[PDB]
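Below, all heavy atoms of this structure are taken into account, side chains as well, without hydrogens, waters or symmetry copies. Each residue takes its place number in the sequence, starting with 1.
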Amino acid sequence: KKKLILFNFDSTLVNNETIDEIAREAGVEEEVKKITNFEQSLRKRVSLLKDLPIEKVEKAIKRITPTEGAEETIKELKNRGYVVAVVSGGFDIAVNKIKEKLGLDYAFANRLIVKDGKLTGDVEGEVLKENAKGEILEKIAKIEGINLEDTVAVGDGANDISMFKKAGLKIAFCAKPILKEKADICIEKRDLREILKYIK
Ligand SMILES: [Zn+2]
């Protein structure tokens, strides 16, 4: 009976939020935080990165570090029979490196379109719509032949709600208030090993 656990990337599996890190390098991090639909908002934010040199992006994503406990938690989850996956409303260029480095089984995120080593201010992806993450959760479960009741979703905020709705077990990890009351489990200490006390 293989099970599936799906982690939100930004602020959950890693300490940072990709977009904000990439904004700081383009010096427009204040304008993006001030107007901080999820999609419409992502597109809006991305635009302010009109001609950022890929070189700068690579520099930003390098600051992305995994959340305290990530490695140990993923190791223990595999030993308990789980397929481990991550999903981001953020970007491919950052999450795929984390995926290999942490040995995740699946990784889904949006794409920062580049042209001649420069960001064209536009983005594409399957993690944009209001229900995107829940769809990703279903997709992976379907491919693995895992029943939804044997799935676990680990989120941070409002965009993780669609994922909560499809998951058998809902975990709020140092989340936004809006997510806490909706979860089955609320984790307030920033260490991913905390979930191991609750996972079957
Ligand atoms: Zn440590």
Between the main-chain N or O of [Y] and the side-chain N or O of [X], is there a donor-acceptor pair closer than 3.5 Å?
X	Y	result
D184	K170	yes
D92	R111	no
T151	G168	yes
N96	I93	no
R80	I199	yes
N8	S88	no

**Study point:** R45 and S41 side chains, donor-acceptor separation under 3.5 Å
**Key:** yes
Point to revise | Reference residue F91; test side-chain contact (heavy atoms from CB on, under 4.5 Å); the match among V46, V57, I61, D10 | key: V46
I need the minimum non-hydrogen distance between [X] and [Y], along with the two atoms involved.
X	Y	value
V152	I171	CG1-CD1, 3.7 Å
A175	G155	CB-O, 4.0 Å
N110	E124	CB-O, 3.3 Å
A23	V32	CB-CG1, 3.9 Å
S162	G134	OG-N, 3.1 Å

Charged N-O contact under 4.0 Å between [X] and [Y]:
X	Y	answer
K118	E55	no
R193	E68	yes
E188	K180	yes
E100	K97	no

Practice item. Mind checking the CG-CG spacing from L169 to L148? Nearest 0.5 Å is all I need. Key: 13.0 Å
Point to revise | CG on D122 to CG on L112, rounded to 0.5 Å | key: 9.0 Å
Study note, to complete from the structure: Tracing side-chain contacts under 4.5 Å among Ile, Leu, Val, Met, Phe, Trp and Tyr outward from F108 reaches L4, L6, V83, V87, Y106, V127, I136, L137, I140, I143, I146, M163
**Study point:** Worked verdict on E71 versus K75 for salt bridge (charged side-chain N to carboxylate O under 4.0 Å, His left out)
**Key:** CA-CA 6 Å; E71 302 176 334; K75 166 158 177 49; over 6 Å; no
Point to revise | Selection residues 20-29 - residue pairs positive for side-chain hydrogen bond (donor to acceptor under 3.5 Å, both in side chains), sequence neighbours left out | key: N16-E21, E21-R63, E25-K59, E25-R63
Exercise for review: Please assess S11 against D156 for the test side-chain hydrogen bond (donor to acceptor under 3.5 Å, both in side chains), listing each intermediate value before the final yes or no.
Suggested key: CA-CA 7 Å; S11 301; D156 169 66; 4.5 Å; no
Review point. With a cut-off of 6.0 Å (strictly less than), are more than 12 heavy atoms of other residues, nucleotides or ligands near NZ of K78?
Key: yes
Check your understanding: CD of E31: more than 12 outside heavy atoms within 6.0 angstrom?
Key -> no
Check your understanding: Mind checking whether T73 and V84 have side chains closer than 4.5 Å, heavy atoms only?
Key -> no
